[PDB]
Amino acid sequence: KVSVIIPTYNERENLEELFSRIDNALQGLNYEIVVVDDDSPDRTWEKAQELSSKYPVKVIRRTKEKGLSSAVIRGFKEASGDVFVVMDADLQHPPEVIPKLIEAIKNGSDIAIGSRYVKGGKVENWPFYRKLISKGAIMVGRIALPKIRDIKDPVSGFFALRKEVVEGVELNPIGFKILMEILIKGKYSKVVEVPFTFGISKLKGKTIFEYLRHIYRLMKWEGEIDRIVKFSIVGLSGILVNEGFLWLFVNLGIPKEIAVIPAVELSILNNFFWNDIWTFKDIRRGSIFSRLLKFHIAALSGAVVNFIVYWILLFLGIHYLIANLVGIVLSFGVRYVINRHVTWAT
């Protein structure tokens, strides 16, 4: 039995077409429609209860708690199906792909994502710059949350999941996107993605911080924020050991220009040690030597980046200290990422 969770705000002119084509695609099968409307200044909450004659439609309206992810959480609570399908009422999400979503869940996947960006997937009547802010955020997600590194459209509002995935789980009401909360905090072993087409208005830069604020939150939960802190404490530890050996070498008659080289190299080694027994102690794999060599490529990558970022900022007219500092900060940035996805890959 399938519950099709449709959260709404000001959506009257679609419920007809919506329910018609939901029912059309699911003809015969055991399904319901749980609608969660947050007291719409629109007839929606009433028109749905109206349409509950032709179509299997439950309608909960709430007067005290609103928000999309807030709804879907309740949409889970108030459902009664073996499989949840979540989508949007506007019809940007086609009810006809819903049968693919469940079939996929039938053949053993825990979560079936309706995906813009798998082979088969399409986006139309979207401009290039709105099309690629998308792939760019998605790209911040996949890199920053290694759990979902391999998911093409992990920010979809259109997905199906077994009821088990999200039960006994405190999903977060605020979270900007609920499918994300689920991929991070839910219980599962398999995820597929189904190709669909995004069907036939702007959004300020404030929600961009809201999306990023979500990702920072997922990160604290996942422990990455914790790792990054410790990684930084080593980084400082290395910045110290680099200098301490330099002084120790110039004073023993090693010309600074020769001296710097063992200095930096013992500094890369020091860094490797403490990261491999503190920050990424959990996720070590294979040869320690192969991990060591990996770390070197990451150090080097961090340095090449510091350099390039510094000069490009300078040439843009940025103050040398800001430019030097932004150089260091994006250097720890890239060094971490590579270490996280290559040196200690998972």
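Don't overthink the numbering: it's just position in the shown sequence, from 1.
In at least a third of the other compared PDB entries of this protein that cover both flanking sides, residue 203 is left without coordinates. The gap between residue 200 and residue 201 holds 4 to 9 unmodelled residues of the deposited sequence. The question of which stretch, 249-257 or 92-100, has the higher mean Cα B factor is settled in favour of 249-257. For the pair 175-183 and 203-211, the mean Cα B-factor is higher in 203-211. Within the selection 143, 132, 151, 112, the deposited Cα B-factor values reach their highest point at 132. In the PDB entry, a CA B factor belonging to the highest third of its chain's modelled residues is recorded for residue 55.
Annotation for residue 236: C-alpha temperature factor in the middle third relative to the rest of the modelled chain, per the entry. Among the modelled residues of its chain, residue 87 has a C-alpha B-factor that falls in the middle third, as given in the PDB entry. Residue-level temperature factors show residue 281 in the middle third of its chain, judged at the C-alpha atom.
Per the deposited record, the Cα B-factor of residue 243 falls in the highest third when ranked against the other modelled residues of its chain.
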